[PDB]
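Below is one structure; the comments refer to it alone.
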Ligand SMILES: *[C@@H]1O[C@H](CO)[C@@H](O[C@@H]2O[C@H](CO)[C@@H](O[C@@H]3O[C@H](CO[C@H]4O[C@H](CO)[C@@H](O)[C@H](O)[C@@H]4O)[C@@H](O)[C@H](O[C@H]4O[C@H](CO)[C@@H](O)[C@H](O)[C@@H]4O[C@H]4O[C@H](CO)[C@@H](O)[C@H](O)[C@@H]4O[C@H]4O[C@H](CO)[C@@H](O)[C@H](O)[C@@H]4O)[C@@H]3O)[C@H](O)[C@H]2NC(C)=O)[C@H](O)[C@H]1NC(C)=O
Ligand SMILES: *[C@@H]1O[C@H](CO)[C@@H](O[C@@H]2O[C@H](CO)[C@@H](O[C@@H]3O[C@H](CO)[C@@H](O)[C@H](O[C@H]4O[C@H](CO)[C@@H](O)[C@H](O)[C@@H]4O[C@H]4O[C@H](CO)[C@@H](O)[C@H](O)[C@@H]4O)[C@@H]3O)[C@H](O)[C@H]2NC(C)=O)[C@H](O)[C@H]1NC(C)=O
Ligand SMILES: *[C@@H]1O[C@H](CO)[C@@H](O[C@@H]2O[C@H](CO)[C@@H](O[C@@H]3O[C@H](CO)[C@@H](O)[C@H](O[C@H]4O[C@H](CO)[C@@H](O)[C@H](O)[C@@H]4O)[C@@H]3O)[C@H](O)[C@H]2NC(C)=O)[C@H](O)[C@H]1NC(C)=O
Ligand SMILES: *[C@@H]1O[C@H](CO)[C@@H](O[C@@H]2O[C@H](CO)[C@@H](O[C@@H]3O[C@H](CO)[C@@H](O)[C@H](O[C@H]4O[C@H](CO)[C@@H](O)[C@H](O)[C@@H]4O)[C@@H]3O)[C@H](O)[C@H]2NC(C)=O)[C@H](O)[C@H]1NC(C)=O
Ligand SMILES: *[C@@H]1O[C@H](CO)[C@@H](O[C@@H]2O[C@H](CO)[C@@H](O)[C@H](O)[C@H]2NC(C)=O)[C@H](O)[C@H]1NC(C)=O
Ligand SMILES: *[C@@H]1O[C@H](CO)[C@@H](O[C@@H]2O[C@H](CO)[C@@H](O)[C@H](O)[C@H]2NC(C)=O)[C@H](O)[C@H]1NC(C)=O
Ligand SMILES: *[C@@H]1O[C@H](CO)[C@@H](O[C@@H]2O[C@H](CO)[C@@H](O)[C@H](O)[C@H]2NC(C)=O)[C@H](O)[C@H]1NC(C)=O
Ligand SMILES: *[C@@H]1O[C@H](CO)[C@@H](O[C@@H]2O[C@H](CO)[C@@H](O)[C@H](O)[C@H]2NC(C)=O)[C@H](O)[C@H]1NC(C)=O
Ligand SMILES: *[C@@H]1O[C@H](CO)[C@@H](O)[C@H](O)[C@H]1NC(C)=O
Ligand SMILES: *[C@@H]1O[C@H](CO)[C@@H](O)[C@H](O)[C@H]1NC(C)=O
Ligand SMILES: *[C@@H]1O[C@H](CO)[C@@H](O)[C@H](O)[C@H]1NC(C)=O
Ligand SMILES: *[C@@H]1O[C@H](CO)[C@@H](O)[C@H](O)[C@H]1NC(C)=O
Ligand SMILES: *[C@@H]1O[C@H](CO)[C@@H](O)[C@H](O)[C@H]1NC(C)=O
Ligand SMILES: *[C@@H]1O[C@H](CO)[C@@H](O)[C@H](O)[C@H]1NC(C)=O
Ligand SMILES: *[C@@H]1O[C@H](CO)[C@@H](O)[C@H](O)[C@H]1NC(C)=O
Ligand SMILES: *[C@@H]1O[C@H](CO)[C@@H](O)[C@H](O)[C@H]1NC(C)=O
Ligand SMILES: *[C@@H]1O[C@H](CO)[C@@H](O)[C@H](O)[C@H]1NC(C)=O
Ligand SMILES: *[C@@H]1O[C@H](CO)[C@@H](O)[C@H](O)[C@H]1NC(C)=O
């Protein structure tokens, strides 16, 4: 089923994760208008900037090398993906998103590329 | 030969396809000017947005999983690539570009990533 | 150590190359302000445009097929990476950056994709 | 035999599109209305790229670059008027006499009160007006004071038109027709592309087009419905005729302060002879040019038909005359000498009378008028006549006669005369085409 | 909090006299002055 833009905002995180292209399409597409259009491309380029420094520019989903610290959330796979919505999840993980983003650029991409130079050095 | 920006607009699609970097360079590079510059980066980011949802962000050419429905055009490889220009081609495929773009994000990328999650799940 | 934005501007090129994410983060994040914000995203998208035509969109570092013409600089690995800063390096390679960028899109990406079409043609 | 779609980014594909262009001109040393404080400097070298094999349809009459330029000139005019002195108090009754020793000839010497810099105190001063600016009820008034308010052009700004390049933003492009015999719309076989047009001089003119670009090979006739008379006729010459326009009168100016900071510059008494402004045109060259035009004209009306030329006979004073600007002054030339001919089957330079007006409403602008400040000294400008604007008298009986009157109904036609070759298109760099390639299987 | 980041080893030439920040600020103060005057009362009749 295609339910539309934000159609699975109230479904489980697993069900919503299947229709990421739906939210992705409309996510990009006088003075008031112009200032609004600039703000829009500015926010879009910010998120694409974060995907860049996480090595995930061209993909909607990518896996990482950062382990899940249990202090963040004590839930499991079944409890996260089949019982919760992305909204209430983002609220539960609102104390770590900054922290997790910092570990996300540093722990892997800030060491994936150094090892890449030391590896392709022969 | 390098003929310049849009140099092979009137050549065959196969010959023009060799110089995509030529059209790609100049494709990105008071009130009237500012509004024009915003419109330019807005259109460029729209096309890059479409390449994103088709999984082809960093490439100029990418192959797909969508088969060619013969209702779209009844031509063959030789007739398309060695007898037609991209202009008259885009005119012939002007009834399907919306349709083909929808199949392009859904048929593959909306199922390439689901299978990617079910595959990397072990 | 994390020294911050531009922290290793005065270190050797090898040491500075380890903290590219640091310069990458802050690199993107009424009339005067608006015109400034547009100029910022315009410059950022220009560099991302150049990384695009060099086939390096999602990476901070990528290797090329262009050989190093000794007329550009006569230094070696040790002399470049353990004795010089990126600043004085960019000053020494300020006569070739245009030239090297032209060879960078043409020598490889303008021939990597043609060979890619002739290879995936079966 | 298994075909799969493939994405191509950066394909030579475009569509007709209307976008907001912007100005561009090389930096010079002041303060002319068009350049303003700043207009982006041109590239040292433009790259005009020929497009082999490419055939595109052009339409100069449905072109939006014309409408954009039209609104730009109008808006620029108003942007230049705002900071200057508005002559609202100059609508006082004028006590005027004719010059007094007029043997065969109009301009009138007037006296009037004026507010000084102190509100309470007054001054009686006198000024000289060309009698087009005033009307009676000897008592007079300015022509404009019942129609609209008025403002005085700043003395510093110059009305000397400079080449302006129209540029389209990145992602869009301009197509330029280089077909010599290009008849005004249609498919152009030889087409080249540019990001910016060549230097187009915004010459404000009526009837005859001045200081423009000349058509190569044959002179070119451009219309929208040739059998229709209501639509004007654009002519581009191959050989430019030379026209010398002078105001011989020694105009002296004085400066009277009418309020705090405000300062009106008025036409002082003339020193020396009273001669009327005029324009000369070599009769030989103008007869050759007129010959060549009717040669190309008969291509559309069958072959020995009677083609005569008559004067303008319709509309207001500001439209019937060859209006233009020269050195600062606005000339209204009567063009009866040129268009008094009939065609079938010494130097002797023609002379054209020109009157001068200092109160003007160009482009059919009703509202805030401008007072052209008087120009000190004798004026002489040498200009080219590169085009023409004609009009028929009506349905003609067809192979019986063909009478032509010059018109200048609308000011956009002047922009069409130089923008006929350019067209705006947007690049659609996304093309999808089938190859026998599949992506790596999941 | 602003983040003032020291740059070790870095030596850059400064020119306070050829600096454009000065010219920008100069035009900004002037323009601001005029923007503040527009809505207020103009004393044109006070020249009695
Ligand atoms: C078609 O194309 C042709 C070719 O371009 C056009 O023909 C040209 O038309 C031009 C403008 O119409 C005309 O230019 C004028 O020439 C005058 C004479 O030039 C002589 O001096 C210059 C050096 O300055 C020499 O290089 C040249 O060879 C000549 O010997 C100039 O005097 C004109 O400048 C004045 O007028 C313009 C407005 O047009 C002002 O902007 C400018 O500041 C000048 O005005 C000052 O000087 C006059 C002098 O009488 C004063 O009355 C006036 O108040 C100004 O004085 C104030 O300002 C000064 C300076 O700041 C200050 O010191 C003083 O105290 C005052 O405050 C102008 O440059 C071309 O000559 C002519 N080309 C040829 C070859 O003849 C033709 O127009 C085009 N067709 C159409 C329809 O446009
Ligand atoms: C502000 O003031 C200015 C100047 O003071 C005004 O500009 C003048 O406007 C008047 C009228 O608006 C205009 O006078 C007419 O000019 C016409 C064109 O030149 C004439 O054809 C016309 O003559 C007819 O009317 C006369 C009476 O006024 C009759 O005596 C005469 O016989 C004419 O009448 C015949 O024609 C009509 C129409 O076909 C017909 O119905 C009759 O039966 C008869 O056969 C006037 O003289 C001036 O020409 C304008 N002046 C200039 C210098 O251009 C301006 O209009 C005012 N502003 C506003 C907003 O009104
Ligand atoms: C256009 O009209 C304006 C009106 O403002 C006019 O300006 C005035 O012209 C008159 C012409 O009579 C000038 O008056 C003269 O002034 C001189 C110098 O002060 C006197 O010597 C003159 O007197 C002689 O002429 C009289 C004529 O009746 C004799 O009776 C007498 O005995 C003298 O012989 C005369 O009064 C006046 O000065 C100017 N005003 C100003 C402010 O300059 C202008 O001259 C008119 N245009 C033209 C071309 O004439
Ligand atoms: C339009 O009319 C005006 C009149 O208002 C006219 O202006 C006059 O022009 C002449 C120049 O042709 C000026 O005369 C000069 O003025 C200067 C400054 O005062 C003097 O230095 C000059 O002196 C030289 O010439 C003398 C000749 O005897 C020599 O003896 C002396 O050594 C100098 O070499 C000269 O007198 C006159 O001042 C102006 N008048 C005004 C009021 O401005 C103008 O010429 C006319 N316009 C045109 C285009 O002709
Ligand atoms: C310029 O001349 C061309 C002829 O090549 C005109 O094009 C034709 O116009 C007629 C109507 O007048 C159409 O029915 C034809 O289809 C056109 N022919 C072609 C080959 O396109 C064109 O109309 C002329 N332009 C003007 C303004 O008169
Ligand atoms: C007016 O026309 C004359 C020709 O009658 C133009 O003079 C020529 O200008 C071109 C530049 O466009 C030069 O290459 C020629 O050498 C000039 N001709 C001669 C005989 O020297 C003049 O430029 C035109 N004026 C304009 C367009 O303002
Ligand atoms: C317009 O003025 C120009 C220059 O003032 C005139 O050109 C002169 O023409 C005669 C021959 O007719 C020559 O003897 C002169 O040498 C020319 N002058 C220059 C400076 O070259 C031109 O003839 C005038 N046009 C008209 C219609 O009178
Ligand atoms: C321009 O000049 C012509 C002279 O050729 C003027 O035409 C005359 O106009 C009157 C009526 O106003 C007629 O009775 C005459 O027969 C015309 N003269 C000729 C020789 O035919 C014309 O009026 C002038 N135009 C303007 C606006 O002043
Ligand atoms: C996990 O969180 C705890 C907070 O109690 C912290 O002390 C620890 O360093 C974190 N572990 C990792 C591996 O980041
Ligand atoms: C976030 O932090 C605040 C204070 O440190 C705390 O009250 C809140 O419960 C935290 N959020 C979560 C989800 O634990
Ligand atoms: C191809 O187009 C036809 C239109 O007749 C349509 O019925 C069919 O579903 C399309 N096939 C595929 C595989 O999309
Ligand atoms: C596009 O659709 C319209 C109406 O459905 C049709 O007239 C036109 O021929 C179609 N285009 C193509 C290339 O078949
Ligand atoms: C290297 O630079 C020299 C300049 O002397 C030039 O002649 C040569 O073609 C360049 N070589 C390559 C492989 O680009
Ligand atoms: C760049 O070129 C100029 C002139 O060609 C020359 O003076 C300068 O030394 C060159 N730069 C380098 C680093 O060689
Ligand atoms: C100036 O104003 C006075 C009234 O004080 C009047 O008598 C005189 O006629 C006016 N001047 C002119 C030239 O009409
Ligand atoms: C334009 O010319 C055609 C040719 O016959 C005619 O039928 C049509 O009515 C004309 N259009 C107008 C607006 O006069
Ligand atoms: C009109 O004259 C031209 C040039 O001589 C000629 O080509 C054309 O055939 C003539 N037209 C007719 C209808 O005779
Ligand atoms: C201009 O028209 C008038 C009026 O018929 C005529 O007398 C005169 O001869 C004409 N001039 C020329 C040069 O034909």
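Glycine also receives a Cβ, built like all others from the backbone with ideal geometry; neighbour counts cover every protein chain displayed. Derivation of every value follows stated rules applied to the coordinates shown; laboratory data play no part.
Brief remarks on what is shown
- The residue that is nearest to ligand 13 (Cβ to nearest atom), counting only those in region D:162-182 that are under 22 Å from the mean Cα position of the chain (by Cα) and not in a strand (DSSP E or B), is D:163.
- Exactly one residue out of D:95, D:68 is more than 16 Å from ligand 10 (Cβ to nearest atom) and surrounded by fewer than 17 Cβ atoms within 10 Å (Cβ to Cβ), and it is D:95.
- For residue D:285, the criteria (1) within 16 Å of ligand 18 (Cβ to nearest atom); (2) within 14 Å of chain E (Cβ to nearest Cβ) hold in every case but one, which is (2).
- Taking (1) in a loop (DSSP other than H, G, I, E, B); (2) buried (at least 20 other Cβ atoms within 10 Å of the Cβ) in turn, residue D:213 satisfies each apart from (2).
- Count of region E:7-48 residues which are closer than 27 Å to residue C:2 by Cβ and loosely packed, with under 10 Cβ neighbours inside 10 Å: 2
- Count - residues of region B:39-48 that are facing chain A (nearest Cβ under 8 Å) and either crowded, with 19+ Cβ neighbours inside 10 Å or part of a strand (DSSP E or B) (or both): 2
- Residues that are more than 7 Å from chain D (Cβ to nearest Cβ), part of a loop (DSSP other than H, G, I, E, B) and surrounded by 20 or more Cβ atoms within 10 Å (Cβ to Cβ), drawn from region B:12-28: B:19
- The residue that is nearest to residue D:12 (Cα to Cα), among those in region D:160-190 that are within 16 Å of ligand 1 (Cβ to nearest atom) and either surrounded by fewer than 18 Cβ atoms within 10 Å (Cβ to Cβ) or within 14 Å of chain B (Cβ to nearest Cβ) (or both), is D:164.
- Hits in region D:98-123 (condition: more than 14 Å from chain E (Cβ to nearest Cβ), outside any loop (DSSP other than H, G, I, E, B) and surrounded by 15 or more Cβ atoms within 10 Å (Cβ to Cβ)): D:108, D:109, D:110, D:112, D:114
- Any chance residue D:432 is part of a strand (DSSP E or B), within 16 Å of ligand 11 (Cβ to nearest atom) and buried (at least 19 other Cβ atoms within 10 Å of the Cβ): yes
- Taking (1) out of contact with any strand residue (DSSP E or B) (no Cβ under 8 Å at 6 or more places or on another chain); (2) away from chain B (no Cβ under 14 Å) in turn, residue D:421 satisfies each apart from (1).
- The residues of region C:107-122 that are within 14 Å of chain D (Cβ to nearest Cβ) and either assigned to a helix (DSSP H, G or I) or within 16 Å of ligand 6 (Cβ to nearest atom) (or both), listed by number, are C:109, C:110, C:113, C:114, C:115, C:116, C:117, C:118, C:119.
- Any hit, region A:63-82, residues being surrounded by 15 or more Cβ atoms within 10 Å (Cβ to Cβ), closer than 29 Å to residue C:46 by Cα and more than 16 Å from ligand 5 (Cβ to nearest atom): yes
- Checked against the criterion of being away from ligand 14 (no atom under 16 Å from the Cβ), closer than 19 Å to residue B:23 by Cα and at the interface with another protein chain (Cβ under 10 Å from one of its Cβ atoms), the candidates C:31, C:53, C:61 yield just one match: C:53.
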